[PDB]
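What follows is a single structure, written as structure tokens, with notes after it.
The basis for the numbers below is simple: all heavy atoms, side chains too, and nothing from hydrogens, waters or symmetry mates. Below, read A as the first sequence line, B as the second, and so on, with proteins coming before strands; counting in each chain starts at 1.
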Amino acid sequence: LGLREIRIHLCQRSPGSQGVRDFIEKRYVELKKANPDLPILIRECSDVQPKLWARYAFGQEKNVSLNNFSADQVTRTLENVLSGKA
Amino acid sequence: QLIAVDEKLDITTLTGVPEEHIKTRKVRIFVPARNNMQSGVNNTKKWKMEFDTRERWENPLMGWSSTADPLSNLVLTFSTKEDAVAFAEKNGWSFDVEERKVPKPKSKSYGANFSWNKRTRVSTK
Amino acid sequence: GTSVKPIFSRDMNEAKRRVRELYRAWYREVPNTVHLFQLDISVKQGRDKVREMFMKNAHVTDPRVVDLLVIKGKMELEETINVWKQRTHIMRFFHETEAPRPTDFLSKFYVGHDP
Amino acid sequence: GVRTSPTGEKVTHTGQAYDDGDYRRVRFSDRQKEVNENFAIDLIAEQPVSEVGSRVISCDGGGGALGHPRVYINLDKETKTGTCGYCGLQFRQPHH
Amino acid sequence: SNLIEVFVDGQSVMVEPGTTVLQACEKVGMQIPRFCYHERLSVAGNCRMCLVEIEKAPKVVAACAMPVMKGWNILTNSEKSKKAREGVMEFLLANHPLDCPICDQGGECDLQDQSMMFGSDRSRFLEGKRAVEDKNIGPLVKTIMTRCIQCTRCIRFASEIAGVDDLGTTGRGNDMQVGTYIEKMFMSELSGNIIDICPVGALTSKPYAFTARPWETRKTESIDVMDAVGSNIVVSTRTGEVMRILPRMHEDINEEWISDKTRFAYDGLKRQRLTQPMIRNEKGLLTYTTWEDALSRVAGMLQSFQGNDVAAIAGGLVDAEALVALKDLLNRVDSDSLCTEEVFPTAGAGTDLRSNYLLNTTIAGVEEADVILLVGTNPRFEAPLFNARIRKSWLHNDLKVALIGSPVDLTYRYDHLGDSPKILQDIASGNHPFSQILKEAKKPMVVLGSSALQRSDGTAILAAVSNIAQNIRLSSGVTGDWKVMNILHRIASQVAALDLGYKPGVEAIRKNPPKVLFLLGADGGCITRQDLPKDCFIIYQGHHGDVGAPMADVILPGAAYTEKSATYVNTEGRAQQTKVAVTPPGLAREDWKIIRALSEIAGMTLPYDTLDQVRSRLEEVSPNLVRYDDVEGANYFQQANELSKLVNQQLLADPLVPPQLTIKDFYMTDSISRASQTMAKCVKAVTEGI
Amino acid sequence: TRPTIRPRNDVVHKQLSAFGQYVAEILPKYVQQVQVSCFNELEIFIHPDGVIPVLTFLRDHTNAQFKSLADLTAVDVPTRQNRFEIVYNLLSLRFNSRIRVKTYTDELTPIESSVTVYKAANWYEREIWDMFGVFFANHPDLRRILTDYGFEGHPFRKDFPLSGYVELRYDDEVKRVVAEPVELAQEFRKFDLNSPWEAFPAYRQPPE
Amino acid sequence: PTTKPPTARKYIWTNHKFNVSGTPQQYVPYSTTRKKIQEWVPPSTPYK
Ligand code: SF4
Ligand code: SF4
Ligand code: FES
Ligand SMILES: [Mg+2]
Ligand SMILES: [Zn+2]
């Protein structure tokens, strides 16, 4: 329940990461200003599929696929992760 | 008449190799780099398969160098990378492949040694 | 198609039948081996060892490889029956002078560098 | 130029001697440690420097073909002598 | 296209204009014999070994210098070519000394090999030989000039690559000698390379002298960790011992050169080594113990404390496997105090965006760029091969270089704008002539040194540099995919640690001092026991006894970079892996294995047992860490600049002074080079000449 | 090119080339290639299926009469999909000539035994099976010939290590000779001897 | 050696020794090279 880190793995030119790319181009800045002390590590994947990792207290962490998501779906996923959902 | 199998080639049970020296080994497949001490390139033509380096220690008598892994001197030569990969796969060895490094072509101009307005002009011959 | 020439068996069923023949031959032979070589093991130990050797190759799915394994097992049985092997060769299957090598990560870490 | 260690073990010309706490010294108990007493470095140190009246000298180690490959040694430097890289013999041009 | 057709022994080849006969021959896999020609040096044409016959041409030509003409048929193996080679080899060997048994070059000598392949088998020279005196040029390069064949390779390298004009030829005729004409030391950060380019035993390695022959050495291809350049190297080993370091050709990183620290500091691997676990005695002295006991004490302390009470510091020579293992272990205790010694500004994007802390242009991109601005850096000593690439593009592409900072010697002429940080703002506002110079550049390059980043205002400097880059981006339009903003690192472990999520600098530890402190190869002296509460438990894991080892309660001996297969990421962001050359000495163990064993004893066992599984974990944390030659990445400059505009920290009135001011500061910068006796000799030589 | 250089024999070269063409014409079903070396040695490269029909022909034809099987061995080339080269060296006393017959196989494909053609082949095939792992179909008695009883592996394969995997010693606790994993007080020292300069331009390969 | 005496050298043994195997004078092999890896010596004073 204690969120520690967010990791966003997106592929540079695969179509399945397009929405994620849109997110990083458009809504990442506001997300970082809203949460200035929360690490949001943006990293690049090989063509497997986009992923979002959330690391919680004591080393527990979860992953969710973002393949073929749009900017809206990525925004919703990050909103649920940052709040008391799931 | 032929029997039409459909499985990948695996000869590990027939080679007589101990289990430890199959699943714990890592082979490197690579074109060896040119020795920087010489300009000859004849040792950079073929692909090589070698094994991971294991422990060497000092012999209590004579101080000689002692080993316990039987594959420390095993190096295989292959014409292409695909042949080496196939050989490693059929023997069950995990492998790491490094792509061939070729020097890029370069523009050599002797006259550039004596340029009118460039920095390529040499101050000695 | 794959255009492959067989050794003895066309599919896995005939290869399995040959495996069963070889296993029966070894199982029958074990008591004679215990008596002739003057071994200190029991017949149950020898048969358990025979089973273990067969089980070592249970994962093989290629009928040609199975045929070659059966050929090698037949060679070993012929060596044993004719007393071409000595007691040292028979006992080599049991590794009675090799110290037990640890398998867990911590003991291997303590003892050395080998993974 | 032999020399003894604090343990009483003779030091070889390679400068190798077992430490005070080294178990391997047990190999010399009831036996001896083979040591060669004719130290080559000291022996070549006793050879005198040859005065020659040329800028380049030739050395083959003596004995013709029974020596070493014939090399040529430059003697231009007056601050040092010319040493043979095979034999260790020294040469110089007369000075002073 | 514009290609012309030539023939090699009657075989058709299409070559671009300006191709020489030698290059055309090597297009079909034929190597022309050479002594003086080197493809990374200017053409000389003096050795005459490359002479080759052209069909219907009465006189042979020098293949290394002669441009090939359309329709030419080069006869590489005709009678004329072979006789020319034999004659030239005879001339080369007439005065050469009979030194092969005592010469270190023997067995890897181009003179020997080309005599065997292209020369005759006997002699007919019946005179006496010339002998020349030796020149002292430092403690690194041993000189025996009777073996010199007058190739001029060392002179051309010193002039063109190293930018030092101290070598030359004196006299003429048979008496021509290569040297300095005065007693002078050729002490350059790239000096040792003249050993490799010298074809003969005239120039040899002094530390390596007499120790090994080339045929008995095993070659391990690996990566250098002495800086953040990531030069590809070969470690020569014999009978379980490291013999020497040689360059390994990589066109996009280091070509075929290495720095002198990469080449000669390996002897420090043989001194001051940690070989056994150690624990404090009742008195307070360090005493040997087993792995079991030391790990049990560490595990008990680890189970005692939690959260902020546990912190870790990563040194400059740490690999990614150990970094991720330690991060996972401290996360299991719910500690996020994973810190490096090298400070990077966390304001704004921080380490969220990778391109914020990378050399985005890449080393090869320097060749393309028209202009480069360097801020608070002395690239010559912080990243010698990057400086060599800058000089290469300065020489061949007429690159314009400007520097903000202390006016150091870079071996090329540069426009010095000063050392005040305010110049950056003066450039960003457009009130500077260099602002206009940058605006009209087609491929501008801004490089900010990570050493500049060490200063407290570092954030203000980074913001100003980013603002300069933004002004370039907007005013001069968009060129496509060309990266302007660059960060040059000096620490081999920094980029991997930033990729893995470590906090740059030890500010977190100073904010909340820990009860338990893990020092993973940390020898920078950033945190001492005066900065920590009394009875603090300090654990040092490493390979050398430096500043860090003495103050620890428990010592865990780890593996050096030559003794493990491990991942390092360079300044560019490119991940590479080393290989095991020799196993760790004594009881020392692989570092990630030490951490995993500790996690098992502490009850929070980590999910990986083998190196492949630890690399899979690395892929889970940051995937670029398993792509072992990739240098491509997304450009996220807009977001980083927008986030950096948030806060307005002030600059200081302190001139930008790099830590490396002269050559004497270059030799010792880490625990391995501080333990090196060769580096001590180099420091002694450059401090007092004599 | 006088005293130092080995002399040539054009007459034997022409005769061997003509006989190789003869053999290739008579047996097109199996013959893949014919070669004559510059020191006058004839090689015939055949498909494996033709091992028996070719050898029999070379033994029984009135113009061949290759009655003697001098040697039969294998060569291991790991880069090839078919690993093992099988070499038959035959001698004809009637025509005072020698011939070489070459074929190929991999680890899992049997080769027809030639004991019905040459009885001498028996032990040779055993040796091949012992040293390379090539199985010969319809061999009267196929088993190890050179290696120790119970020995595992085929030592002459290129990937088999020089010192093997196990060594032997006498153990007093069990009062017998035992086999244990090999440990060497001095490791064999690998030497890198190849010069980085090309030796023979006449054998240069295309640079791909 | 009475009519053709051997050449004199200062390093030649003046006293010939026979096969001394099985005696306390027997040859015992040992490594003649120096120690290769040098261990760190911890400071001799308490650190607190
Ligand atoms: S440089 Fe080469 S040829 Fe000359 S002495 Fe040395 S090894 Fe021999
Ligand atoms: S020292 Fe070496 S590189 Fe320099 S001139 Fe002589 S042979 Fe050429
Ligand atoms: S290589 Fe062309 S003259 Fe030297
Ligand atoms: Mg040299
Ligand atoms: Zn001499």
Top residue by heavy-atom pair count (under 4.5 Å) with chain B, among [options]?
options: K219(E), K579(E), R218(E); value: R218(E)
options: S42(E), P67(E), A65(E); value: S42(E)
options: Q31(E), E16(E), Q23(E); value: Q31(E)

Region of [X] in contact with chain B, defined by heavy-atom distances below 4.5 Å:
X: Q105(E); result: side chain
X: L395(E); result: both
X: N193(E); result: neither
X: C109(E); result: backbone
X: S236(E); result: neither
X: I32(E); result: neither
X: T239(E); result: both
X: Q114(E); result: neither
X: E160(E); result: side chain

Mind checking the [atom1]-[atom2] spacing from [X] to [Y]? Nearest 0.5 Å is all I need.
X: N232(E); Y: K101(B); atom1: CG; atom2: NZ; answer: 6.0 Å
X: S65(B); Y: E241(E); atom1: OG; atom2: CD; answer: 9.5 Å
X: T583(E); Y: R54(B); atom1: OG1; atom2: CZ; answer: 11.0 Å

Using a 6.0 Å cut-off, check whether atom CE of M116(E) has over 12 heavy atoms from anything other than its own residue. no
Would you find more than 12 non-hydrogen atoms of other residues, nucleotides or ligands less than 6.0 Å from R413(E) atom CZ?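 No.
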Does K106(B) pair with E251(E) as a salt bridge, N-O distance under 4.0 Å?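 Looking at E251(E) together with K106(B), the answer is yes, because their closest N to O distance falls below 4.0 Å.
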Would you call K48(B)-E221(E) a salt bridge at under 4.0 Å N-O?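 No salt bridge links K48(B) with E221(E).
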Quick one: which residues of residues 33-40 of chain E reach chain B at under 4.5 angstrom, heavy atoms only? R34(E), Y37(E), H38(E), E39(E), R40(E)
Heavy atom to heavy atom, less than 4.5 Å: which residues from residues 28-44 of chain B reach chain E?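 When heavy atoms of chain E are the reference, residues 28-44 of chain B contributes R28(B), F30(B), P32(B), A33(B), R34(B), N35(B), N36(B), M37(B), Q38(B), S39(B), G40(B), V41(B) within the under-4.5 Å range.
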Part of residues 110-125 of chain B lying next to chain E, heavy-atom separation under 4.5 Å: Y110(B), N113(B), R119(B), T120(B), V122(B), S123(B), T124(B), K125(B)
Donor-acceptor pair, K108(B) side chain versus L41(E) backbone, under 3.5 Å?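 Yes: the side chain of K108(B) pairs with the backbone of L41(E).
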Please name all residues satisfying side chain to side chain donor-acceptor pair (under 3.5 Å) with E55(B), sequence neighbours left out, ordered by chain then number.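 Testing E55(B) for side chain to side chain donor-acceptor pair (under 3.5 Å), a comparison that skips the adjacent residues, returns none.
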Side chain, backbone, both or neither: which part of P105(B) has a heavy atom under 4.5 Å from chain E?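 The answer is neither part of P105(B).
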Is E99(B) in contact with chain E via its backbone, its side chain, both, or neither, using a 4.5 Å heavy-atom distance? neither
